[PDB]
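Residue-level structure breakdown
Here's the letter readout for the chains.
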Amino acid sequence: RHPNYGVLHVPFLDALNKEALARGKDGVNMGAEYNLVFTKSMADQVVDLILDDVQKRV
Amino acid sequence: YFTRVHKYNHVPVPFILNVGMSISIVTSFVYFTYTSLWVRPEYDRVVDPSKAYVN
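Residues numbered from 1 in each chain as written, not as in the entry; some residues may be left out. Chains lettered and ligands numbered in written order. Part of a larger assembly, values for the part shown. Heavy atoms only, no water.

1. A closer look at the environment of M30 of chain A
In plain terms, the rule: For the purposes of this entry, the term helix denotes a DSSP run of H or I that reaches at least four residues, the term strand denotes a run of E that reaches at least two, and both are numbered from the N terminus.
Mapped onto the elements, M30 of chain A comes out in the loop between α1 (12-22) and α2 (40-56). Separated by 15 residues in sequence, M30 of chain A and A15 of chain A place their C-alpha atoms 13 Å apart.

2. What about the interface of chain A and chain B?
Put simply, the rule reads: Residues count as neighbours in contact if any of their non-hydrogen atoms are within 4.5 Å of one another. Buried area: the sum, over both parts, of the accessible surface (1.4 Å probe) that disappears when the two are put together. The term salt bridge refers to a side-chain nitrogen of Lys or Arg lying within 4 Å of a carboxyl oxygen of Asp or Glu. In protein, a polar contact requires one atom able to donate a hydrogen and another able to accept it; more generally it is a pair of N or O atoms within 3.5 Å, and residues adjacent in sequence count only if both atoms are side-chain atoms. Residue type decides the class: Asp, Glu, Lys and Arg count as charged, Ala, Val, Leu, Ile, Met, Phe, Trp, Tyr, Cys and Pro as nonpolar, and the leftover types, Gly among them, as polar.
Listed by partner, the interface residues are 13 residues for chain A and 10 residues for chain B. For the pair chain A and chain B, the two sides together bury roughly 940 Å², of which 63% comes from carbon and sulfur. On the surface where chain A and chain B come into contact, there are 0 salt bridges. Across the chain A-chain B interface, the total number found is 6 residue pairs in polar contact. Counting residues per element, the side of chain A that touches chain B draws most heavily on α1 of chain A, at 5 residues. In the side of chain A that touches chain B, the residues fall into 8 nonpolar, 3 polar and 2 charged.

3. Structural notes on the pattern of salt bridges
Under the convention used in this document: In this scheme, a residue with accessible area under 20% of its type's maximum is buried, one over 50% is exposed, and one in between is partly exposed, where area comes from a 1.4 Å probe on protein chains only.
This structure, assessed with the given rule, holds 2 salt bridges over all chains. Two residues, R23 of chain A and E19 of chain A, come together in a salt bridge whose shortest N-O distance is 2.5 Å. Overall, the relative accessible area of 56% leaves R23 of chain A in the exposed class. Its salt-bridge partner being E42 of chain B, residue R40 of chain B comes within 2.8 Å of it at the nearest N-O pair. For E42 of chain B, a relative accessible area of 47% puts it in the partly exposed group.

4. Things to note about a nonpolar patch on the surface
The following threshold applies: In this analysis, a patch consists of residues with relative accessible area above 30% that form no salt bridge, clustered at 9 Å for like charges and at 5 Å for the nonpolar side chains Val, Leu, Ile, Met, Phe, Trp and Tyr. Reported accessibility uses the Shrake-Rupley method at a 1.4 Å probe radius. Residues are deemed covered only where the shown protein chains occlude them.
On the surface, a cluster of nonpolar side chains totalling about 680 Å² of accessible area is made up of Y34, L36, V37, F38 and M42 of chain A. The topology assignment puts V37 of chain A in the loop between α1 and α2.

Have a look at this one:
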């Protein structure tokens with residue numbers, strides 16, 4: 001596990017933590033799980049149906 | 001006769017030669033073990049977490 005030479009590498013999630021905190025958003029969770037239920041596809045489908053209705057009965 | 005037993009043919013080393021050889025060998029070993037395993041500067045590392053770049 002010897003650290004590399006040249007310029008010591010920074011873990012990508014550490015870099016993202018610093019970047020996100022620089023912009024005021026919350027830092028990396030490192031413990032959050034996935035949304036197994038109610039997936040992105042389901043959310044998009046709901047948006048699709050309401051968009052279809054609103055456009056139809058504009 | 002066993003003419004190559006321990007008791008026969010012992011030639012003591014002169015003190016001057018003994019000292020010279022000892023100094024030479026110790027110096028050579030110390031210098032080599034130092035410059036080979038200690039003066040190894042190409043194994044350079046820089047610690048600077050601000051040099052990372054993410055888009």
